[PDB]
Amino acid sequence: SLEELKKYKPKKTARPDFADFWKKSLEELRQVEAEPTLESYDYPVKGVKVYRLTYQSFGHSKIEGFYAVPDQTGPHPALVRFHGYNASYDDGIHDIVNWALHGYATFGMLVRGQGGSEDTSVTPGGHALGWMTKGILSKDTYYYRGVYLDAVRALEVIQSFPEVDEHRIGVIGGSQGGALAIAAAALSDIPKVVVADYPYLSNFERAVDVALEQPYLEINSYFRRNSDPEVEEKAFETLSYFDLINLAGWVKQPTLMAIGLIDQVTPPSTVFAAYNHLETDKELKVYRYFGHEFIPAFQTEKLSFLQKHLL
Amino acid sequence: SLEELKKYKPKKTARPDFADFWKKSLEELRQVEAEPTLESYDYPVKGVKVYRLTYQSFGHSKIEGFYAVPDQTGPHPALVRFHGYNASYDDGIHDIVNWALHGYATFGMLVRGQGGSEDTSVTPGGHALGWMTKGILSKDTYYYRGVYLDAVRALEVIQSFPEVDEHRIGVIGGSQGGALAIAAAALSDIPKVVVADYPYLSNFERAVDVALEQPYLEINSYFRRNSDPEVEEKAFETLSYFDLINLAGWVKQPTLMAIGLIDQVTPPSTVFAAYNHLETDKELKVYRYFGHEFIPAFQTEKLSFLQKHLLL
Amino acid sequence: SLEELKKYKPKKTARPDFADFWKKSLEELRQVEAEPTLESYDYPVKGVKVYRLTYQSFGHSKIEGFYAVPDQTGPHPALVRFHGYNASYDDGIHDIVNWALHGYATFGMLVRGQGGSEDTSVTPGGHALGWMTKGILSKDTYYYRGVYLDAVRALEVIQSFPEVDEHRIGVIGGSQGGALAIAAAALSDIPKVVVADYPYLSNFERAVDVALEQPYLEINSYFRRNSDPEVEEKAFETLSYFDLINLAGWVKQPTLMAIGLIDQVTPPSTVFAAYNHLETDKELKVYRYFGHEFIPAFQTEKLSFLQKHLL
Amino acid sequence: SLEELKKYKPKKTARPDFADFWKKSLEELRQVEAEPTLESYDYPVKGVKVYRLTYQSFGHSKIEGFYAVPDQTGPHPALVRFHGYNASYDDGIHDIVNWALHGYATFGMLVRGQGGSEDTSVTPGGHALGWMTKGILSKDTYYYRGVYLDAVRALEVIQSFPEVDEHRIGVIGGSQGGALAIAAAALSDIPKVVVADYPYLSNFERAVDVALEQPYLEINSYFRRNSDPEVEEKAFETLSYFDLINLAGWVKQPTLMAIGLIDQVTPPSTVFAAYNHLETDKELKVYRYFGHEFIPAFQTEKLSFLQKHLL
Amino acid sequence: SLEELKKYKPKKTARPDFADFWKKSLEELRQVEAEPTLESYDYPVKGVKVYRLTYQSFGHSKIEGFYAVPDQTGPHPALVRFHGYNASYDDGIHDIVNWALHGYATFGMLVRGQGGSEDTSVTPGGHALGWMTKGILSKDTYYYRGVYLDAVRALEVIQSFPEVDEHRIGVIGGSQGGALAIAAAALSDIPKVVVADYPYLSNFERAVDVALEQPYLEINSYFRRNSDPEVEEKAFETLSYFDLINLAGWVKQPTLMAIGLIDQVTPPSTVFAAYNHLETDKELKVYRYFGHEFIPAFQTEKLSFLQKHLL
Amino acid sequence: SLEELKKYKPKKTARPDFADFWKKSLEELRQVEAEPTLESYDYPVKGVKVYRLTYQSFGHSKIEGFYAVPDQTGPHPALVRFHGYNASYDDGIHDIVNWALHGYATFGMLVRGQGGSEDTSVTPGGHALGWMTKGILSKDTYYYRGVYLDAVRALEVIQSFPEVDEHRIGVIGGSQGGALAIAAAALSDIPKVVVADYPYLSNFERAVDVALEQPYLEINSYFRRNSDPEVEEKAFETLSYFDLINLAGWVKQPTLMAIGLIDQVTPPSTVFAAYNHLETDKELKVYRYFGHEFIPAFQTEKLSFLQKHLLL
């Protein structure tokens with residue numbers, strides 16, 4: 001039942017050069033000067049100053065997002081917030097401001113291409129409607145390579161802000177956001193804490209047999225349009241470099257996760273898989289009656305978690 | 001009412017610099033050497049030789065697709081076939097081969113990003129899931145700018161083939177394919193004939209109000225994510241440069257169209273709009289009981305049309 | 001079509017005893033002591049104290065909800081927030097706390113029988129699944145009679161709080177919440193300002209013909225079960241006593257509204273009807289591409305509106 | 001599948017005070033004077049007289065329903081018919097008349113609050129849309145407490161009629177009706193026979209995990225709105241007092257049941273559970289190709305059963 | 001809109017040989033000997049005898065159906081009941097008995113091919129899934145030709161029964177049944193009265209444009225498979241011979257009809273068309289909130305209608 | 001589940017008189033004179049002549065379909081193509097012509113009542129909407145009896161054509177077509193090869209429990225209307241005479257099959273069952289990401305298969 005799920009630890013797909021690909025990709029990122037930029041932005045709020053933050057990342061694409069700071073003498077604890085797949089509305093400015101009102105200097109990084117950042121990477125060949133399969137035929141060209149690296153830089157940028165306490169930076173997000181939170185934490189020692197609501201991009205090879213809704217199906221859709229058995233092999237190969245089950249091993253920050261047992265977008269199994277590959281101070285909140293949706297009960301859970309580690 | 005539809009002809013949205021934009025765009029295309037590449041490809045068919053065709057286009061992107069030729073001494077009539085939005089399966093090789101079996105040296109151009117070509121253009125900023133709104137904030141960066149230009153070059157490349165009779169080249173496609181067929185014909189004098197099934201990318205400002213299905217709704221979806229009123233204005237502005245109702249005026253080739261009266265993807269009105277802006281030897285086949293789908297009746301219609309004009 | 005909607009103003013359905021019914025109801029409510037009850041409640045937030053607020057209302061029903069106050073020297077501006085139909089999750093505590101973080105001592109009243117309050121009123125006879133048609137055969141027994149009165153008292157309770165500035169109280173809500181916001185403002189002079197998102201319970205006689213989704217259809221559903229032509233007559237009769245188009249006339253507070261042109265739950269026409277019956281400093285924000293859902297662009301709209309009038 | 005269903009008999013959930021609760025409840029019912037009322041009702045039929053029957057029950061609620069009697073000298077066998085959840089159309093008068101035409105003095109009790117009767121019980125707090133979770137936080141306040149008691153009284157009233165043969169009274173119903181039929185038989189010795197189609201309100205703790213359709217889902221829906229873990233425990237606690245698997249033990253009348261193997265409203269397992277807890281002259285008609293719908297085959301089955309035992 | 005519907009009366013499509021076709025068809029029917037067959041059948045009811053009735057009709061096909069007679073010295077009024085399209089379950093026996101219990105010697109004719117009679121007519125060529133388009137390319141071969149004639153014979157057979165009062169025979173049915181009821185009445189003087197619930201087979205040329213649900217869509221479906229435009233014309237040509245709007249002119253019996261304004265199977269317009277083409281003593285009961293379904297209110301309506309005219 | 005599926009081989013349901021029934025049925029077919037008729041038909045294609053073929057079959061019913069022949073000196077390899085359940089649009093003329101363009105003299109038999117042949121068989125009693133349950137109460141009256149026999153005759157007719165090489169006739173089809181292909185091959189030695197995509201009419205007793213889509217459900221639907229337990233008994237009895245799992249044993253021809261693992265119309269299990277009852281040179285192509293739809297990958301598979309065996 002859910003007993004078999006608590007025990008599920010798929011086999012990892014990481015390839016021999018897993019660490020070298022990421023070490024090499026971090027070295028390309030280091031190659032690009034951040035050139036951070038700040039610009040005050042007016043919003044109807046009291047006790048919080050809002051800014052437009054800009055910096056340069058992998059491939060020289062310009063990343064953007066709103067940066068809200070508690071209107072009070074710092075230094076402050078900080079949060080880098082990551083939005084969901086194709087679910088960024090008005091740059092999620094309202095959520096960002098609210099986080100700042102909670103006492104966190106928080107930056108909502110917009111995911112290149114979807115949110116309002118720039119994706120500089122060429123599109124090698126055809127792919128299914130969406131971002132999931134863009135550059136899927138090579139880990140060098142894969143969409144999430146750039147985005148993952150953008151997350152790391154996000155942390156590098158804010159960490160340098162005088163108002164930010166570099167030792168009290170948290171990384172949070174839901175679905176796609178949760179995956180970026182984990183990936184970032186796995187690739188960077190900057191974040192002190194991790195909060196992922198039902199994380200995405202996890203256990204691709206199973207998520208494909210079990211998901212009943214977009215956008216894990218984009219992969220299936222891609223394979224329907226490209227039947228080449230070699231294509232499928234290469235695709236799953238490049239996907240393993242970004243799969244949470246392979247990155248979870250590198251996370252040593254205390255991390256809190258959530259999952260709804262009727263979630264059809266991000267199937268419970270895929271989330272448990274990720275969780276069971278974490279070997280760090282961790283916890284998984286399980287909600288029997290919720291799917292891929294805002295879970296009230298968990299909200300208050302992560303507020304405590306964050307307060308107890310960052311405030 | 002078929003009556004109301006038959007008389008529907010919306011005011012053009014073409015901006016004052018419409019012609020200049022395309023002249024400048026064509027000049028950027030001319031800037032890139034095609035340097036075409038051919039490579040024999042094995043396929044279980046007799047009487048037809050299949051190839052992988054490659055060439056360079058706008059932004060120096062490698063454009064590809066299968067090229068099937070009747071295995072008989074030419075020169076042959078030629079077809080450049082354009083596939084539907086997100087509807088290219090295995091490069092539509094089977095359809096291409098079949099066209100060749102009909103006596104046409106035919107090339108199925110893969111649309112950069114979706115089919116199997118290479119889209120070299122940067123992604124300026126955010127956009128809705130899909131290609132519809134990529135680079136939507138400027139006609140210079142818009143997704144279909146590159147693709148339109150790829151279509152023109154496709155014609156330029158195959159037209160230079162010794163086995164191809166440059167005087168007997170047709171351009172065909174359905175939905176997105178039909179739009180590319182028309183656009184290509186509008187921007188190039190190479191094609192002698194045009195065949196468009198329920199054409200896409202037409203009458204954007206109405207499509208967004210009548211479409212009950214994807215993906216004219218990616219535009220709507222894009223506006224939901226970007227509420228700025230200035231964004232909507234700019235978006236529709238850049239869209240007018242690619243809208244069939246503005247390009248139809250340039251088509252002088254004999255062109256045949258189809259439309260199903262229950263089509264919810266590519267609404268009848270948007271297709272009539274395009275048709276009513278054509279000022280050329282034209283015809284619109286109307287099918288009361290069909291939607292956005294293969295229309296058997298029209299298939300035989302376009303076979304005759306093509307045979308009469310290209311197999312003359 | 002926006003043009004037809006802009007000019008749409010249906011004839012009022014208010015019966016001749018409309019005013020008397022409400023005077024006599026507001027009077028039965030005066031009959032009940034409020035007997036408020038405050039109780040601190042722990043919540044992972046800084047700068048805000050959270051309470052459980054209790055009070056007695058019409059019928060001797062005990063109404064409840066969370067009350068969050070800015071943890072800073074009063075007095076503060078106040079908001080009474082009303083939740084949507086069957087859409088109260090965990091008493092919407094997270095939203096309430098967030099409002100307090102914005103500088104508003106805000107109370108989220110739970111709708112009797114729906115959200116967490118007590119509905120003391122008998123159920124006269126059969127009715128369709130839901131609250132819409134409960135006690136529908138008489139304006140004395142109708143479900144929303146009690147709830148409307150609960151809203152008025154809500155204002156009466158918080159207004160008496162020493163930390164609350166009685167002359168800076170706002171009333172807000174979406175859908176059902178928006179209707180309660182308007183109704184409350186119409187029946188009470190306490191609220192200084194009104195914000196309603198796609199308001200509900202408006203223009204019943206048309207809603208039943210244009211609604212393609214629940215719950216306006218509960219009325220239709222009720223008539224299918226009770227074919228008696230008299231029943232329909234009586235039903236629409238009692239409904240007119242609660243219809244926004246009949247109450248809008250009494251609203252003298254500056255009020256801000258929103259409506260999405262593809263809203264199928266709360267049809268644009270029904271909302272315009274309400275708006276066009278307001279005779280006060282008013283504004284209607286129209287969103288072409290939105291339905292019955294959170295509208296980001298409007299959230300910032302009401303923040304300004306509230307800030308300029310209450311802060 | 002059928003094999004495992006036949007042998008499915010979940011452990012009872014009846015709490016230690018199960019019997020006391022019902023003894024006390026029956027005592028409260030006895031406290032209220034029946035004072036039943038009859039009123040002739042014209043209906044286009046021959047060989048039958050139709051009446052409107054009224055009486056008082058738990059909480060002082062006036063329960064009603066059409067009462068049709070064979071227009072022939074008595075005494076007659078009698079049936080107390082119970083309608084389905086939210087499925088009472090025009091008081092199901094046509095079905096009632098038809099039963100009378102079959103030779104049964106039959107009364108169609110309308111379920112208080114939904115069918116066409118009065119529910120006098122207060123609504124303690126919030127609950128999910130529907131009746132399922134009304135007063136769910138206490139067995140004293142739970143919705144079906146009153147309704148169950150109404151069923152018992154129904155039998156007490158029609159049993160006192162001179163035209164009714166008290167020794168030949170049957171209790172029948174489908175879904176919700178079937179549950180009331182069984183519950184009534186379990187709480188009263190009046191009924192000689194029981195016939196229930198795919199009975200409802202059975203094996204709650206499993207129903208909530210297998211139901212793919214309303215309304216066993218109102219419970220799930222209720223928990224989504226009230227995440228408190230205590231709430232769920234209390235809810236299932238109060239539900240056990242009304243669960244058929246706990247009441248079936250008291251049924252000593254010959255009883256006939258039906259179940260369709262593709263029923264998604266009232267899952268086969270939940271019905272088998274009830275059946276396997278009956279310890280009397282029981283029979284279970286199983287229909288492989290039917291769901292939650294009128295089963296023609298079973299219709300003729302129960303006609304024989306009733307004719308055999310009552311005519 | 002009820003306004004527009006009330007006045008809707010499309011031009012007849014009857015071809016010039018309309019009358020001749022039916023005269024010739026009736027002649028062919030007369031050519032076949034009824035050789036009726038009655039066989040007692042056991043059913044759990046009292047006061048009613050049930051039989052299996054058999055007779056021969058057009059094309060030498062054996063038509064069947066249950067025949068229930070009031071177990072009391074006749075002669076009795078009689079009803080020939082026609083079932084819905086693909087909606088005959090167990091020969092619809094339970095309803096035939098219930099009609100007998102109302103004092104009517106009633107026969108439920110099973111429609112050939114669907115119900116349980118025998119369709120002897122060859123299938124000329126391809127057609128869409130269903131009966132709608134079987135033999136559609138010629139009025140001689142069309143499916144409903146045989147069925148219509150079966151209905152006429154049904155009346156001829158039962159009328160000859162000694163227990164049946166030939167002067168008091170009614171014809172009733174819903175949807176397909178209603179169409180057969182009307183058609184039968186139009187082609188035979190035997191029936192004294194007609195009751196059709198939302199009749200089918202009417203205004204084919206519009207039905208195909210307004211129907212949002214089966215089975216009028218079978219025609220559309222047939223044209224998708226056979227694009228030949230001459231084919232659509234021949235089809236509509238043969239259909240006119242069976243269209244109610246063309247037969248309604250021959251009905252001189254008092255007839256009662258019903259229609260639900262949200263009916264999507266049998267669109268209101270098509271039903272109004274039929275009723276506006278009736279020049280007999282007619283009446284149309286209109287139900288705003290009902291679709292293609294059992295309408296309680298109308299049930300009692302037709303009971304009175306039948307009782308007044310037949311009892 | 002591929003491992004469980006690969007080993008799935010349900011016990012045959014063939015009744016003791018299985019062989020006799022088919023021997024007797026074939027005898028009745030032989031009783032009817034072919035009397036085949038040919039009629040040139042116009043179609044916009046070069047290198048192919050199209051005809052409308054007519055002949056008489058079981059019950060003296062007229063069976064028909066288009067017959068396309070490569071416009072050249074034969075003899076040619078031949079294909080009998082069978083269409084899907086209720087899925088014959090315009091007699092599938094375009095597909096037939098395309099097959100001819102591939103070098104095959106191919107005949108698309110229209111299934112009686114569906115595509116365009118005549119079903120002379122009486123309808124014994126009631127049945128569920130559709131053809132599935134027509135005459136279901138007896139194997140003598142069952143719908144597919146006639147159709148199966150029509151398939152055999154189809155082979156007998158085309159085989160007699162001078163332009164057809166009787167030694168190189170293939171039988172192909174998808175879903176219902178695949179079942180007819182297999183059935184035909186099982187009842188006739190004429191066909192040299194068999195290609196069936198997601199075959200239908202297979203493992204009825206399980207299909208009715210796993211099918212989430214029409215039309216295996218017509219059977220379920222039929223039982224809902226006829227609750228008599230003796231009806232279900234008789235129904236499954238008559239169905240066993242036409243179930244592929246019982247016929248597969250007779251197929252000697254090399255046969256190629258396909259199945260998509262997410263097929264809900266024709267469940268994988270039912271198809272594996274059929275495949276595992278084949279005792280011949282066989283192969284099953286399995287596609288993980290496809291359902292009951294055109295599978296581009298398998299298309300090219302069967303082209304090779306057919307080319308190797310028929311075009312040598």
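Residues numbered from 1 in each chain as written, not as in the entry; some residues may be left out. Chains lettered and ligands numbered in written order. Heavy atoms only, no water. Residues with missing side-chain atoms left out of burial classes, pairs and counts.

Its PDB record attributes the structure to X-ray crystallography, giving the resolution as 2.70 Å.

Peer 1: Before we move on, can you summarise the side chain of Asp263 of chain F with the specific residues and values?
Peer 2: Mapped onto the elements of the fold, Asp263 of chain F is located in the loop between β8 (255–260) and α10 (268–276). Of the buried charged residues, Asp263 of chain F lacks a salt bridge, with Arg224 of chain A as the closest side chain of opposite charge at 11 Å. A polar side-chain atom of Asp263 of chain F sits 2.8 Å from a polar atom in the side chain of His292 of chain F. Setting aside residues up to four positions removed in sequence, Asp263 of chain F forms contacts with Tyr198, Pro268, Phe290, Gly291 and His292 of chain F. (Helix = DSSP H or I, 4+ residues; strand = E, 2+ residues; numbered from the N terminus. Buried < 20%, exposed > 50% of the residue type's maximum accessible area, 1.4 Å probe, protein only. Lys, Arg positive; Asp, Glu negative; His and termini not counted. Salt bridge = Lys/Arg side-chain N within 4 Å of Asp/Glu carboxyl O. Polar contact = N/O pair within 3.5 Å; in protein donor to acceptor, adjacent residues only side chain to side chain. Contact = heavy atoms within 4.5 Å.)

Peer 1: I'd love a proper account of the sheet that holds strand β5 (residues 105–109) of chain E, names of residues and values included.
Peer 2: All names here are of chain E. Pairing is mixed in the open sheet, where nine strands are placed in the order β1-β2-β3-β5-β4-β6-β7-β8-β9. In this open sheet, the two edge strands, each paired with only one partner strand, are β1 (37–41) and β9 (282–287). For this sheet the average axis-to-axis angle between neighbouring strands, irrespective of direction, equals 20 degrees. Strand contacts of helix α10 (residues 268–275): β8 (255–260) and β9, with the helix running at about 165 degrees to β8, the strand carrying the most contacts. (Pairing = 2+ DSSP bridges. Axes fitted to C-alpha atoms, helices over the stretch in contact; angles between N-to-C directions.)

Peer 1: Please give an account of the relation of the copies chain C and chain D that cites residues and values.
Peer 2: Of the transformation superimposing chain C on chain D, the axial component is 0.3 Å and the angular component is 180 degrees, with the fit at an RMSD of 0.1 Å. These values place the two chain copies in the arrangement generated by a two-fold rotation axis. The C-alpha atom lying nearest the rotation axis in chain C is that of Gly130 of chain C; the distance is 2.7 Å. Comparing interface residues between copies, 100% of those in chain C also lie at the interface in chain D; the contact surface is shared. (Least-squares fit on C-alpha atoms.)

Peer 1: Tell me about the UniProt feature "binding site: substrate" (unreviewed entry) in chain A, and name the residues and values.
Peer 2: Feature annotation in UniProt places "binding site: substrate" (unreviewed entry) on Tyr85 of chain A, given in this structure's numbering. When neighbours within four sequence positions are excluded, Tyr85 of chain A is seen to be in contact with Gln114, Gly130, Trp131, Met132, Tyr144, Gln176, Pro215 and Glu218 of chain A together with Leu129 of chain B. Within polar-contact distance, the side chain of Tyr85 of chain A engages the backbone nitrogen of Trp131 of chain A at 2.8 Å. (UniProt positions renumbered as here; feature names shortened; annotations may be inferred.)

Peer 1: Summarise the interface of chain D and chain A; cite the residues concerned and give the values.
Peer 2: Every contact between the two is made by eight residues of chain D and, on the other side, five residues of chain A. The interface formed by chain D and chain A contains two salt bridges. For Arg224 of chain D, the salt bridge identified is with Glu293 of chain A, shortest N-O distance 2.4 Å. If you look at where chain D meets chain A, you find five residue pairs in polar contact.

Peer 1: Account for the relation of the copies chain D and chain A, naming residues and giving values.
Peer 2: Superposition of chain D onto chain A requires a rotation of 120 degrees combined with a translation of 0.7 Å along the rotation axis, giving an RMSD of 0.2 Å. Such a turn and shift between the copies fits a three-fold axis. Considering only C-alpha atoms, the part of chain D nearest the rotation axis is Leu212 of chain D, at 9.3 Å.

Peer 1: Kindly report on the UniProt feature "active site" (unreviewed entry) in chain A, identifying the contributing residues and their values.
Peer 2: All names here are of chain A. Per the UniProt annotation, the sites labelled "active site" (unreviewed entry) are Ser175, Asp263 and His292. Spatially, the listed residues are clustered: although they cover 118 residues, their C-alpha atoms lie within 10.9 Å of one another. Secondary-structure assignment places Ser175 in strand β6 (residues 164–175). Assessed through its relative accessible area of 9%, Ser175 is described here as buried. With sequence-adjacent residues up to four places away left out, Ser175 is seen in contact with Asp197, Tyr198, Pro199, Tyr200 and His292. Mapping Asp263 onto the fold places it in the loop between β8 (255–260) and α10 (268–276).

Peer 1: Please give an account of the interface of chain C and chain D that cites residues and values.
Peer 2: Listed by partner, the interface residues are 29 residues for chain C and 29 residues for chain D. Taking both partners together, chain C and chain D bury about 2300 Å²; carbon and sulfur atoms supply 43% of that area. If you sort the residues of chain C by the area they bury against chain D, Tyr89, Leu129 and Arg225 of chain C come out on top, with a joint share of 27%. Put simply, chain C and chain D have 16 residue pairs in polar contact between them. Residues that form the side of chain C that touches chain D fall into these classes: seven nonpolar, 15 polar and seven charged. (Buried area = accessible area lost by both parts, 1.4 Å probe. Nonpolar A, V, L, I, M, F, W, Y, C, P; charged D, E, K, R; others polar.)

Peer 1: Explain the sheet that holds strand β4 (residues 76–82) of chain D residue by residue, including any values.
Peer 2: The strands making up a sheet associate through hydrogen bonds between their backbones, and the pairing can be parallel or antiparallel. Residues and elements named next belong to chain D. Judged by pairing direction, the sheet is mixed, and its nine strands sit side by side in the order β1-β2-β3-β5-β4-β6-β7-β8-β9 without closing on themselves. Each edge of the sheet is formed by a strand with only one pairing partner; in this case those strands are β1 (37–40) and β9 (282–287). Looking at each pair of strands side by side, their axes are set apart by 20 degrees on average, direction ignored. In this fold helix α3 (residues 93–101) packs onto β2 (48–57), β3 (61–70), β4, β5 (105–109) and β6 (164–174), with an angle of close to 40 degrees to the strand it touches most, β3. Sitting on the sheet, helix α4 (residues 143–159) is in contact with β2, β3, β4, β5 and β6, with an inclination near 125 degrees to β2.

Peer 1: Let's hear about the packing of aromatic side chains: which residues, and what values?
Peer 2: Throughout the structure, instances matching the rule amount to 159 aromatic pairs over all chains. Here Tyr200 of chain B and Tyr216 of chain B contribute two aromatic rings whose centre-to-centre distance is 4.5 Å and whose plane-to-plane angle is 65 degrees, an arrangement assigned as edge-to-face. Highlighted residues: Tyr200 of chain B in the loop between β7 (193–197) and α6 (204–210) and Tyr216 of chain B in the loop between α6 and α7 (217–225), separated in sequence by 16 residues. Here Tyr200 of chain B matches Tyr216 of chain B in class, with each residue buried. For the cation-ring pair, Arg52 of chain A lies above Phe66 of chain A, with the distance from its terminal atom to the ring centre recorded as 4.6 Å. Geometry around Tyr275 of chain A places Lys282 of chain A over its ring, the cationic atom sitting 4.2 Å from the centre. (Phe/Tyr/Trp six-rings, centres within 6.5 Å; stacked < 30°, edge-to-face > 60°. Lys NZ or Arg CZ within 6 Å of the ring centre and 35° of its normal.)

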